[PDB]
Structure formats: C-alpha cells, structure tokens
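See structure below.
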Amino acid sequence: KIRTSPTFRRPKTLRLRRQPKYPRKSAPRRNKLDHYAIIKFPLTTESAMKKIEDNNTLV
RNA sequence: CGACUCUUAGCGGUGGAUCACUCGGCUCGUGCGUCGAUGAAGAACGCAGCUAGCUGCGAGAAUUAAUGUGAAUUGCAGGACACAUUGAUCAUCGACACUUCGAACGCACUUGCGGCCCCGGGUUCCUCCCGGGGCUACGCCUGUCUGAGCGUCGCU
C-alpha cells in the first residue's frame, strides 16, 4: 500500500464473540427481590395515619 | 456520776480470707493429618412471636430436605404432632440453598459510572424509560481465528 504517517499503529484484527460449550452456572439465580420482598410491612404510627388521611399517602 | 480513752469477751456490722467443691486449665501420649477463582481464611450487615449479648444461621436466615430416633420444646404464649393415611424433639448429615466486602474479578471504592447479548412491562423493532438474566479482571499453557514485518525465500 502507501504509508503517509511516520507512526506505525497496531492493525485492527478480528474479535470473535464468545460461544461457550457449556454455561458456567447451570441456572439463572432466582430474583430474591420480588414484590413481597420489597414491601415488608406498613407503618401504623400517628404520623403515618395523618399521611393516610390528610395526604393520601401510604407509609 | 457521767463523757472520753484503753483492754477483754458476747452479739451486730464497712470485708470476703479459710475450707469443701469444679461442664476449666496445664502436661504427656495415641490415631488421623482435610483450605481456596466450583470463591478460602477473615471482616460487615442482617435473621427469632416476645430476644439485647453469647450461640446458630444467610432473603428458604436460632433454619429447608433426607436418614436414624420415637413423644416432646419450655421463660411465657400459640398451634402442630389425631403419637400410622408414617412422626414432636434431638442427633446425623450424602440433597437443596448460601446477602455485602475480602486473593476479589466490568471500571472505581462513593450503595458512583459503564459496555455487549437476551427477556418482561410502558411505546413499539427510538431500543427511549423502568425491572430482570447472562457475560465483561491479571498472568499463563495447548489449540483457533485475524494480522504485521525494506525477516528468509518461491512463483509471478
């Protein structure tokens, strides 16, 4: 070809995607952050009830 | 007289010696002689109906399953187990599960910021938003692919 720059750069090559012969872990881990784990229990304090009545917010 | 002071004895007290005890040590001896990227040791934070610490455990958290055992656990309560339409408790333990750091592994140590490939929901191939899953560290070995070289050459 032709060289127009005095700098030699590392030529770009081919990079294959991973095609494993086996998965390293047998199964995906179960998501232990479901809806039941997110909500633990409501608050029932005096401040909490004031938000339910005067603010339309659950705590 | 008393008070005060001294001594002795009795009894009572500031005190915890002595004696008796010991699920603890120390020493000797015997048999084994086994950790970890399939993530160790060590940390952190959590987990009980009432439970702070010790202990045990890991979001299935003072435990699940299985086997053996065979009627308890216990401080209170509650309800199992009808005590074979097979099972309380305990032991054993080979199945399952095992949060965050840590050799610690996408980059960085602040609950900071990414990238690639998939899945679900809003919209519909904006992959734009949210949620989830799998990968994404260094060194090094065999092989594989893609390359470089006025390195040595061959055919042109």
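Every chain in the structure tokens has a letter given in the order shown (A, B, ...), and although residue numbers restart at 1 in each chain, ligands are simply numbered from 1 in the order shown.
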
Quick one: residues within 10 Å of residue B:59, only C-alpha atoms (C1' of nucleotides) counted, chain neighbours fewer than 6 positions away excluded, as a ChimeraX atom specification?
-> /A:32-33,37 /B:46-47,99

Residues from the last selection, N, CA and C atoms (P, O5', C5', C4', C3', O3' and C1' of nucleotides), saved as a PDB file, in the first residue's frame:
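Full text of out_1.pdb as output:
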```
ATOM      1  N   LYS A  32     -34.446 -12.766  44.249  1.00  0.00           N
ATOM      2  CA  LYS A  32     -34.962 -12.613  45.606  1.00  0.00           C
ATOM      3  C   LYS A  32     -35.148 -11.143  45.967  1.00  0.00           C
ATOM      4  N   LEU A  33     -35.799 -10.408  45.070  1.00  0.00           N
ATOM      5  CA  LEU A  33     -36.272  -9.053  45.320  1.00  0.00           C
ATOM      6  C   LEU A  33     -37.630  -8.864  44.662  1.00  0.00           C
ATOM      7  N   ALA A  37     -40.824  -9.223  48.756  1.00  0.00           N
ATOM      8  CA  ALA A  37     -39.616  -8.849  49.481  1.00  0.00           C
ATOM      9  C   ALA A  37     -39.468  -7.337  49.569  1.00  0.00           C
TER      10      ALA A  37
ATOM     11  P     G B  46     -27.610  -4.351  60.951  1.00  0.00           P
ATOM     12  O5'   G B  46     -28.743  -4.866  59.965  1.00  0.00           O
ATOM     13  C5'   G B  46     -29.696  -5.817  60.398  1.00  0.00           C
ATOM     14  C4'   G B  46     -29.940  -6.874  59.355  1.00  0.00           C
ATOM     15  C3'   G B  46     -30.753  -8.063  59.832  1.00  0.00           C
ATOM     16  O3'   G B  46     -32.141  -7.805  59.796  1.00  0.00           O
ATOM     17  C1'   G B  46     -28.841  -8.828  58.677  1.00  0.00           C
ATOM     18  P     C B  47     -33.024  -8.014  61.112  1.00  0.00           P
ATOM     19  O5'   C B  47     -33.400  -9.553  61.054  1.00  0.00           O
ATOM     20  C5'   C B  47     -33.867 -10.133  59.848  1.00  0.00           C
ATOM     21  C4'   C B  47     -33.839 -11.633  59.925  1.00  0.00           C
ATOM     22  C3'   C B  47     -34.247 -12.227  61.259  1.00  0.00           C
ATOM     23  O3'   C B  47     -35.649 -12.277  61.438  1.00  0.00           O
ATOM     24  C1'   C B  47     -32.273 -13.271  60.513  1.00  0.00           C
ATOM     25  P     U B  99     -25.284 -15.541  48.547  1.00  0.00           P
ATOM     26  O5'   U B  99     -25.649 -14.048  48.962  1.00  0.00           O
ATOM     27  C5'   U B  99     -26.927 -13.494  48.684  1.00  0.00           C
ATOM     28  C4'   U B  99     -27.099 -12.150  49.345  1.00  0.00           C
ATOM     29  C3'   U B  99     -25.906 -11.213  49.249  1.00  0.00           C
ATOM     30  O3'   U B  99     -25.893 -10.487  48.030  1.00  0.00           O
ATOM     31  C1'   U B  99     -26.697 -11.282  51.485  1.00  0.00           C
TER      32        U B  99
END
```

Residue set, chain A restricted to helix (DSSP H, G or I), as a list in words = residues 35, 36, 37, 38, 46, 47, 48, 49, 50, 51, 52, 53 and 54 of chain A

Contacts between chain A and chain B, please, where a residue of chain B counts if it comes within 10 Å (with only C-alpha atoms (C1' of nucleotides)); show its shortest atom pair and distance in Å to one decimal, rows by chain and ascending number, as JSON lines.
```
{"residue": "B:38", "atom": "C1'", "partner": "A:24", "partner_atom": "CA", "distance": 9.4}
{"residue": "B:59", "atom": "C1'", "partner": "A:32", "partner_atom": "CA", "distance": 6.6}
{"residue": "B:116", "atom": "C1'", "partner": "A:17", "partner_atom": "CA", "distance": 9.5}
{"residue": "B:117", "atom": "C1'", "partner": "A:17", "partner_atom": "CA", "distance": 9.8}
{"residue": "B:132", "atom": "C1'", "partner": "A:31", "partner_atom": "CA", "distance": 7.6}
{"residue": "B:133", "atom": "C1'", "partner": "A:28", "partner_atom": "CA", "distance": 6.4}
{"residue": "B:134", "atom": "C1'", "partner": "A:28", "partner_atom": "CA", "distance": 7.8}
{"residue": "B:135", "atom": "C1'", "partner": "A:18", "partner_atom": "CA", "distance": 8.8}
{"residue": "B:145", "atom": "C1'", "partner": "A:14", "partner_atom": "CA", "distance": 7.4}
{"residue": "B:146", "atom": "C1'", "partner": "A:14", "partner_atom": "CA", "distance": 4.6}
{"residue": "B:147", "atom": "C1'", "partner": "A:13", "partner_atom": "CA", "distance": 6.0}
{"residue": "B:148", "atom": "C1'", "partner": "A:11", "partner_atom": "CA", "distance": 7.5}
```

Near-stretch 71-77 of chain B list (7 Å; only C-alpha atoms (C1' of nucleotides); drop same-chain fewer than 3 positions) as a PyMOL selection string = chain B and resi 83+88-89

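The two atoms in question, atom CA of residue A:35 and atom CA of residue A:55, are spaced 24.1 Å apart.
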
Using only C-alpha atoms (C1' of nucleotides), which residue out of B:95, B:144, B:128, B:104 lies closest to residue B:37?
->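 Among the listed residues, the smallest separation from residue B:37 belongs to B:104.
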
Using atom CA of residue A:9 and atom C1' of residue B:149 as the two end points, give the distance in Å to one decimal.
-> 13.0 Å

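Computed from the coordinates, the atom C1' of residue B:97 to atom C1' of residue B:57 distance equals 12.1 Å.
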
Using only C-alpha atoms (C1' of nucleotides), which residues sit within 9 Å of stretch 41-45 of chain A once same-chain residues fewer than 5 positions away are excluded, as a VMD selection string?
-> chain A and resid 50 58 to 59

Neighbours of residue B:93 within 12 Å (only C-alpha atoms (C1' of nucleotides); same-chain residues fewer than 2 positions away dropped), as a VMD selection string?
-> chain B and resid 65 to 68 91 95

Convert the current residue selection to file output with N, CA and C atoms (P, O5', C5', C4', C3', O3' and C1' of nucleotides), as a PDB file, in the first residue's frame.
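Full text of out-v1.pdb as output:
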```
ATOM      1  P     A B  65     -38.377 -29.784  56.149  1.00  0.00           P
ATOM      2  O5'   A B  65     -37.637 -30.618  55.012  1.00  0.00           O
ATOM      3  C5'   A B  65     -38.151 -30.678  53.691  1.00  0.00           C
ATOM      4  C4'   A B  65     -37.162 -31.309  52.743  1.00  0.00           C
ATOM      5  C3'   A B  65     -36.798 -32.755  53.030  1.00  0.00           C
ATOM      6  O3'   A B  65     -37.753 -33.667  52.527  1.00  0.00           O
ATOM      7  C1'   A B  65     -34.834 -31.508  52.601  1.00  0.00           C
ATOM      8  P     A B  66     -38.153 -34.963  53.380  1.00  0.00           P
ATOM      9  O5'   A B  66     -36.827 -35.841  53.388  1.00  0.00           O
ATOM     10  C5'   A B  66     -36.347 -36.450  52.199  1.00  0.00           C
ATOM     11  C4'   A B  66     -35.019 -37.123  52.429  1.00  0.00           C
ATOM     12  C3'   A B  66     -34.989 -38.141  53.554  1.00  0.00           C
ATOM     13  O3'   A B  66     -35.444 -39.413  53.129  1.00  0.00           O
ATOM     14  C1'   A B  66     -33.127 -36.686  53.735  1.00  0.00           C
ATOM     15  P     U B  67     -36.288 -40.348  54.119  1.00  0.00           P
ATOM     16  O5'   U B  67     -35.191 -40.973  55.088  1.00  0.00           O
ATOM     17  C5'   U B  67     -34.175 -41.823  54.583  1.00  0.00           C
ATOM     18  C4'   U B  67     -33.067 -42.030  55.584  1.00  0.00           C
ATOM     19  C3'   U B  67     -33.486 -42.512  56.960  1.00  0.00           C
ATOM     20  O3'   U B  67     -33.722 -43.908  57.006  1.00  0.00           O
ATOM     21  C1'   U B  67     -31.928 -40.746  57.176  1.00  0.00           C
ATOM     22  P     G B  68     -34.726 -44.527  58.093  1.00  0.00           P
ATOM     23  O5'   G B  68     -33.974 -44.319  59.480  1.00  0.00           O
ATOM     24  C5'   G B  68     -32.845 -45.104  59.826  1.00  0.00           C
ATOM     25  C4'   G B  68     -32.250 -44.664  61.138  1.00  0.00           C
ATOM     26  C3'   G B  68     -33.191 -44.649  62.330  1.00  0.00           C
ATOM     27  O3'   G B  68     -33.371 -45.926  62.910  1.00  0.00           O
ATOM     28  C1'   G B  68     -31.959 -42.640  62.275  1.00  0.00           C
ATOM     29  P     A B  91     -29.133 -31.561  68.351  1.00  0.00           P
ATOM     30  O5'   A B  91     -28.419 -32.853  67.760  1.00  0.00           O
ATOM     31  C5'   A B  91     -27.698 -33.737  68.603  1.00  0.00           C
ATOM     32  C4'   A B  91     -27.542 -35.096  67.970  1.00  0.00           C
ATOM     33  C3'   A B  91     -26.826 -35.135  66.630  1.00  0.00           C
ATOM     34  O3'   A B  91     -25.416 -35.116  66.764  1.00  0.00           O
ATOM     35  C1'   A B  91     -28.795 -36.431  66.510  1.00  0.00           C
ATOM     36  P     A B  95     -24.571 -34.145  48.405  1.00  0.00           P
ATOM     37  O5'   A B  95     -26.135 -33.915  48.237  1.00  0.00           O
ATOM     38  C5'   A B  95     -26.868 -34.571  47.214  1.00  0.00           C
ATOM     39  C4'   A B  95     -28.288 -34.074  47.163  1.00  0.00           C
ATOM     40  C3'   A B  95     -28.457 -32.577  46.959  1.00  0.00           C
ATOM     41  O3'   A B  95     -28.357 -32.183  45.603  1.00  0.00           O
ATOM     42  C1'   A B  95     -29.797 -33.264  48.765  1.00  0.00           C
TER      43        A B  95
END
```
